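J.: generate a structure from the sequence data that follows.
(2 chains, ligands or ions: 4)
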Amino acid sequence: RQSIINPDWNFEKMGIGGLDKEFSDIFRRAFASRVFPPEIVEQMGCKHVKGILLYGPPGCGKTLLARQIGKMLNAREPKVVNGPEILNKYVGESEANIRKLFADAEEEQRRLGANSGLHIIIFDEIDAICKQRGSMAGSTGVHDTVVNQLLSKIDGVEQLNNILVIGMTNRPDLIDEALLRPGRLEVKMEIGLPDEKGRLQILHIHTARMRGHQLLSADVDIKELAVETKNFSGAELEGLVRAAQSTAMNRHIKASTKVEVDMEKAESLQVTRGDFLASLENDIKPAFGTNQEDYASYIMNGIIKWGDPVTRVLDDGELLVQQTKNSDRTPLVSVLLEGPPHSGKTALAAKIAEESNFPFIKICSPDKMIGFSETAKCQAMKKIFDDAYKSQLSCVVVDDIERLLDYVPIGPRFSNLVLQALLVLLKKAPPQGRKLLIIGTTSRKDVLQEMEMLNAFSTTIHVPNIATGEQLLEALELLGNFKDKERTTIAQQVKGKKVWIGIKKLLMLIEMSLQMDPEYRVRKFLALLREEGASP
Amino acid sequence: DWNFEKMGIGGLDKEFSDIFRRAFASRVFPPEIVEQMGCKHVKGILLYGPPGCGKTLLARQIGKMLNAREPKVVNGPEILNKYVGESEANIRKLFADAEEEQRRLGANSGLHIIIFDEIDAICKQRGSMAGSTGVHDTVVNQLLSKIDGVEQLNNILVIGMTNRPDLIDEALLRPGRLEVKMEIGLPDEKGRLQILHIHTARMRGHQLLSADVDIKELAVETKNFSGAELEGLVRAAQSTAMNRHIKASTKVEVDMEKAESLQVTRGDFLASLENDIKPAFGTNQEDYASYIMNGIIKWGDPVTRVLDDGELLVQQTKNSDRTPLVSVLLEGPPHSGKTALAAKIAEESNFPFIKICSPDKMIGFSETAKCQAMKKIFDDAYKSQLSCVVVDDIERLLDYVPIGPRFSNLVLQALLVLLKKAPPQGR
Ligand SMILES: Nc1ncnc2c1ncn2[C@@H]1O[C@H](COP(=O)(O)OP(=O)(O)OP(=O)(O)O)[C@@H](O)[C@H]1O
Ligand SMILES: Nc1ncnc2c1ncn2[C@@H]1O[C@H](COP(=O)(O)OP(=O)(O)OP(=O)(O)O)[C@@H](O)[C@H]1O
Ligand SMILES: Nc1ncnc2c1ncn2[C@@H]1O[C@H](COP(=O)(O)OP(=O)(O)O)[C@@H](O)[C@H]1O
Ligand SMILES: Nc1ncnc2c1ncn2[C@@H]1O[C@H](COP(=O)(O)OP(=O)(O)O)[C@@H](O)[C@H]1O
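T.: Numbering: from 1, shown residues only, chains lettered A, B, ... in the order given. Ligands and ions are numbered 1, 2, ... in the order given. Provided below are the atomic coordinates:
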């Protein structure tokens, strides 16, 4: 008759946010049978469920759940096994340990029967103990014995209906098949990364005890914090809050002359939104996706509009991203950029990518696998593409294809594994209701034409060079160098002919020119420009 | 009674300030504001950086600074046994006292410290290393569960140190377990002055040092010189000086008469610099002697032109932004002298760090070895404000016997991608 739930409980009291569906689901397939009047359940001819598995990315609050589910229940305090703590040197004692503590339920069932209080067991990181049978061909084989002991103990000739087991892990692909099946560990559950609304919920939950004592300036607002915080885990948000508190407090302390803390400014303690922002940009750094630093490294000297082609390219990219965002017949898209060397394809790609405002971005550049072998490169590609599938919309910019695969003209000689890997990957649609964009760059179109790759890409874009005196003058004006008189003579000796050069080249030459004396700089520069004389 | 000058670690002010701010702040501010707050205290610190910056000294002194029980030390993989289920027992024994103190007092417990020298030795990425016995993965799991398990702790602080900050498993470096991670790098001129001041304090106290020696010259003349190496130098020169007085070849003898007055002069320091100490991230005079054999003679105009062009490029790299990387190629017919000249240019660039990579020290190697050596040299070069690296006879480094032709591609790819890699922003 006694209720299995504590008379005083609340879903807001436990303090978990953003996992409402998950909490609702388990209860539905778990506690639904233990609260209803027993009579129908006895007429029901049913056995309560035994076993639940929680698997997902690290530090995602997986454990918090176990703690507050143990606390919620109106039953005995559960038993916990902090990983592989049930190993003994003597022969036959691991099995005795694992069998012990599994028999209080047996005793109470054989005593009362059908009226015993629920028992609860916890097996943190089950993966240490339970592993593939026939694997781990090391010595003493104790693990293969213990797994069989467990299997039998939880389900066998003997029946038990008052025990609930819970296990958390980080590698759900290593557990024994049998264990994870009906009757044994059942209703497999997966904890995923949060959305922005979940981030807001977590931030509000963690920022409730400070607003309740007039400790926070009205300047700070949470919507921004939820916006900038991208690819963040609850632990990361808590750490950010802690760092903000620490830096705010530090202002009142004095060091290098022993420890001093004023008790006057103390009473006027306040935290600043700007302080939060500074801490966010300085110390905390997520480990899932890309960060502003990557873009700041790729697009070094920014972007300048020396002509209409750049605007045209940007417009085309905007149209592509909009289509992929809103289109539904075509869950996949791909665009190939082309241009002669030293045109700046990398920077334009990076910029269009950044402008998408997508959740999951990533940049796979050749200079992150120096000296590797073909297999390592393939596995890296596999992992990078694998991560994207677990989101809703994303864009990956593969750069320098003609390097990922090597096309030394001699021969020719080009690895073959990488090529096929890519040619396949670029036609594998993701799981249902998800969207991806694959932006590639190159500098040798004809070779790609020969390799029958040019028909896999959906479309193409062309990036030209600077090929007009007016454009060169505009670029020089924008940069702000060799101006005034200098500019006066340069325009004099250039407009009466045509030019052909890439922006990078121009930058290095301008630099070199300035490094000479101020009595002959223009001469130097103009002289150099002639040396680089060519045309299509 | 503690002060920052007493410790004697000079030149790491910013790092110490940040560590104090991030790890000893909530324990100093009055516990009333902490009660009204929910600032759960941090429980992880990691240190990494090239050898010779004394990561250990830091730890030793910071441990001393505390006033709540001496620390517990683990020396490398000390906690290991052959009986099953024993290393984990040793691991668990570490936290018993803290657990008991927390249970008995709760919020009125003192601080417990744990130090893990060469953490990498035992802690490593899971799922990769061949744990034939399996102790490594088991220990990793045990630590991960104990540090942050269902039960919560608030009075422990772990400091780890390692020169290889990649083999550490990612699961341990999330904000929950280990938050503050710091790099310790080479020192600057001011740091060198600070260190030299410290190491040579008692000596000044007892008038054992001649005024003939100056400290500013010592600081300037020594560049990219690891601090430890500064201490080493001081000690070596001192030893030389004090030996001068002893006169004994076969039968040991001490000339007390000459020992009445003892002082150290510049000459000892100069000799020690020339002969005794040899920096690693510094520059060495041997290579220049081994490459420019018969010197340089001006037999015609072209040489001056070439030298002038070289220094122009040097200037550009030293005094420009927007172009942190510049590369120049020299070529000519064979047996012409297109090797030494590059070394002369490098010696004239006056950069703190210079290095020459040749096929001479790789003969008989295989491809992977050649790629690894190149990567290592450039990785080491990446750690300084300025640098100058020479590659001699790219041809042989790739192998190109004309028949076929026949050459290795892996090396070519490597060198190619390499030449277009930005230095760590700022150098
Ligand atoms: N409008 C612009 N478009 C492109 N790049 C620009 C522009 N304005 C300035 N830049 C600078 O020019 C350079 C663009 O070329 P980048 O350095 O990315 O090499 P790349 O030519 O793409 O490389 P690769 O040789 O691998 O093809 C970057 O420094 C970028 O900051
Ligand atoms: N003015 C000079 N220019 C060049 N070399 C000089 C000059 N004066 C003397 N030498 C000597 O000439 C030799 C240069 O030989 P070096 O190894 O450069 O020839 P190389 O054929 O370019 O080399 P490698 O076969 O490695 O390419 C050295 O002994 C150097 O000291
Ligand atoms: N929904 C959530 N509500 C509150 N805190 C959360 C939530 N999700 C994650 N966290 C934070 O994550 C941390 C718990 O991580 P945990 O799940 O124990 O890591 P692991 O799964 O590796 O054991 C806590 O500090 C907590 O503040
Ligand atoms: N800032 C410093 N000031 C003075 N001496 C220093 C400083 N940093 C390091 N040292 C010296 O360098 C050496 C470092 O030794 P150790 O700590 O064992 O090195 P590591 O931990 O890097 O192997 C010691 O002689 C130490 O006194």
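
J.: nearest to ligand 2: which residue in the stretch 351-500 of chain A?
T.: Closest to ligand 2 within the stretch 351-500 of chain A is residue A:410: 22.7 Å, counting by C-beta to the nearest ligand atom. Any C-beta I mention is one placed from the backbone N, CA and C, and that applies to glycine too.

J.: quick check: closest non-adjacent residue to that residue.
T.: Nearest non-adjacent residue to residue A:410, counting by C-beta to C-beta, 6 or more residues apart in numbering or on different chains: residue B:405, 6.5 Å away.

J.: count the residues that sit near the residue of the stretch 151-300 of chain A found nearest ligand 1.
T.: Using C-beta to the nearest ligand atom, the single residue of the stretch 151-300 of chain A nearest to ligand 1 is residue A:300, 4.5 Å away. The local packing of residue A:300 (other C-beta atoms under 10 Å in any protein chain shown) involves 13 other residues.

J.: which ones are touching it?
T.: A:347, B:322, B:422 (C-beta atoms under 8 Å, 6 or more residues apart in numbering or on different chains).

J.: what segments of the stretch 401-536 of chain A are helices?
T.: Using DSSP state H, counting those that start in this stretch, the helices assigned to the stretch 401-536 of chain A run over residues A:401-404, A:417-425, A:445-450, A:469-479, A:485-494, A:503-514, A:521-531.

J.: for residue A:80, which three-state class applies?
T.: What DSSP: H, G, I helix; E, B strand; the rest coil gives for residue A:80 is strand.

J.: state the distance from it to ligand 3.
T.: When distances are taken as C-beta to the nearest ligand atom, to the nearest Å, residue A:80 and ligand 3 turn out to be 13 Å apart.

J.: now stretch A:270-279: buried residues?
T.: Neighbour-count burial for stretch A:270-279, with 16 or more other C-beta atoms under 10 Å in any protein chain shown as criterion, is recorded at A:271-273, A:275-276, A:279.

J.: which residues touch that stretch?
T.: Contacts of stretch A:270-279 with the rest of the structure, by C-beta under 8 Å, 6+ apart, involve A:210, A:215-217, A:219-221, A:225, A:240, A:243-245, A:247-248.

J.: over to stretch A:218-229?
T.: Contacts of stretch A:218-229 from elsewhere in the structure, counted by C-beta under 8 Å, 6+ apart, are A:196, A:199-200, A:203-204, A:207, A:236-237, A:240, A:271-274, A:276, A:280.

J.: if we go to 10 Å?
T.: Contact partners of stretch A:218-229, identified using C-beta atoms under 10 Å, 6 or more residues apart in numbering or on different chains, comprise A:194-204, A:207, A:211, A:232, A:236-237, A:240-241, A:244, A:270-277, A:280-281, A:284, A:286, A:292.

J.: hang on, the earlier thing: can you list the helices of the stretch 401-536 of chain A in TSV and add distance to ligand 4?
T.: Written out in TSV, the entries for those read as follows (distance: least, C-beta to the nearest ligand atom, whole Å):
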stretch	distance to ligand 4
helix A:401-404	38
helix A:417-425	41
helix A:445-450	50
helix A:469-479	44
helix A:485-494	50
helix A:503-514	38
helix A:521-531	46
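
J.: any chance of a markdown table for those, columns mean neighbour count and distance to ligand 3?
T.: What follows is those, written out as a markdown table (neighbours: other C-beta atoms under 10 Å in any protein chain shown; distance: least, C-beta to the nearest ligand atom, whole Å):
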| stretch | mean neighbour count | distance to ligand 3 |
| --- | --- | --- |
| helix A:401-404 | 18 | 35 |
| helix A:417-425 | 15 | 31 |
| helix A:445-450 | 13 | 45 |
| helix A:469-479 | 16 | 48 |
| helix A:485-494 | 14 | 59 |
| helix A:503-514 | 17 | 46 |
| helix A:521-531 | 14 | 59 |
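
J.: of the contacts of stretch A:270-279, closest to ligand 4?
T.: Minimum separation from ligand 4 among the contacts of stretch A:270-279 (C-beta to the nearest ligand atom) is found for residue A:247, which lies at 25.6 Å.

J.: show me what the helix or strand hosting that closest one is packed up against.
T.: Assigning secondary structure by DSSP states H and E places residue A:247 in helix A:234-250. With contacts taken as 3 or more C-beta pairs under 10 Å, 6 or more residues apart in numbering or on different chains; DSSP states H and E, helix A:234-250 sits against helix A:196-206, helix A:222-228, helix A:273-282, helix B:13-23, helix B:31-36.

J.: swap in 8 Å and give it another go.
T.: If you count contacts as 3 or more C-beta pairs under 8 Å, 6 or more residues apart in numbering or on different chains; DSSP states H and E, helix A:234-250 packs onto helix A:196-206, helix A:273-282, helix B:13-23.

J.: what's the angle between that helix and helix B:13-23?
T.: Interaxial angle of helix A:234-250 relative to helix B:13-23 (axes from the mean of the first three to the mean of the last three C-alpha atoms, to 10 degrees): 110 degrees.

J.: mind listing what's buried in helix A:234-250?
T.: Along helix A:234-250, these residues count as buried under the neighbour rule (16+ other C-beta under 10 Å): A:234-250.
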